[PDB]
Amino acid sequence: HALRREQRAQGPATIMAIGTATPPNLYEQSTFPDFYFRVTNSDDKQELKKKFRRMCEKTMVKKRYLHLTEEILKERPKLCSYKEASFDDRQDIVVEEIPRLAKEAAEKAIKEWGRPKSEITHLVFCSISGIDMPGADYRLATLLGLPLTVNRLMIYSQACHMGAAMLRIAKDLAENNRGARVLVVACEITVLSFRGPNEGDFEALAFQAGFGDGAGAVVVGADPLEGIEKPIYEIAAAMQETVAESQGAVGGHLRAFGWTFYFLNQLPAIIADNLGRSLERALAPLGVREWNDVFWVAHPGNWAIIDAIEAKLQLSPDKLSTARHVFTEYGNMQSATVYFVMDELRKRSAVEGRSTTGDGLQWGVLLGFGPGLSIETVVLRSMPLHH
């Protein structure tokens, strides 16, 4: 009780710095149909290819970054098989690369933060990929040269919503421990889900057109040091809820051939139509009355999803413009994406001369969604911009 009051922080969790990274291989969406069909030896599937081209154009993605190259596909051709065993080839890659790519985003965040690594007390790290013991948390802590006493937590194989969920965890770690400085990191590399095309599974090609790679990192803490730590946002509330009877709406299976993902065509409608209950619970206490009263850091998912959310909530096009930019310029980087959107929102706020880091509004929602259906709402307070 007396111990309890002393060992705990006083104020809200704060996002103090944001870093992002991608692999160095640019893949342009306009020539991706050509690369994909040539290197998976599928040039005799011209009708499927032409269909692939149309799908690519409609994804509205311009570029993605992938760790995978033609070199890697020639050296381990089982990565190309659509349903033969290829798990070992995939594991060899992700167990190594998931921590390396994470490091890039972590370093950049830690640099903006401007404090000694020795002052990090916790690391919370998520990825779909790179399962091994010890795990990717261990490897990442080690690459960065974190102190050995750092509390590490790895969250494997949760999908797109995990980015937001990490904020939910970081909130409690930062707030309940005086002095805690949490390194939060999302990294995804599509090597476990990449595969050649199948003429009887045209829809599943949506994951070959839509997913890219990337890592996002932040430093979260309560009680910012005056004149040394400048908060970008305050986490005011963070929560999750599950949509009844929507397990079949989106998800996947980890099998001998790697990850396969599935979705229903109505997934945009399903997400859009079930957001209102969540956001109500999160924002009514603040007395906001219009969805356009708050700023939005949305995980895109895909263009249809952004669309259906924009239509259902009646959002002016500025609200999700940041989700759209990031998605068009990088694709869906699963759990990482929302950090890119975050980063893009606070930079634009500064460049466009806005009063806050949330585009001039006080309150925001950071939104993640994934298999469940799972909705992660994280309520942000913006911080003043002094131009």
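The first residue of the sequence shown is number 1, and the count goes up from there.
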Checklist outcome for this item: Assert higher mean C-alpha B factor (247 to 255 or 112 to 120, deposited values) equals 112 to 120
Checklist entry - Averaging C-alpha B-factors over each stretch, which comes out higher, 146 to 154 or 209 to 217? => result 146 to 154
Checklist outcome for this item: From 355, 335, 328, 321, the top C-alpha temperature factor is at 355
Item to check | Residue selected from 127, 265, 302, 190 by maximal Cα B factor | outcome: 265
Checklist entry - Going by the entry, which third of its chain does the Cα temperature factor of residue 12 land in? => result highest
Checklist outcome for this item: Of the three thirds of Cα B-factor ranks in this chain, residue 29 occupies the lowest
Next on the checklist: For the chain shown, is the CA B-factor of residue 289 in the lowest, middle or highest third of its modelled residues?
Outcome noted: highest
Checklist entry - What third of its chain, lowest, middle or highest, does the C-alpha temperature factor of residue 168 fall into? => result lowest
Checklist entry - With respect to C-alpha B-factor, does residue 47 fall in the lowest, middle or highest third of the chain as deposited? => result middle
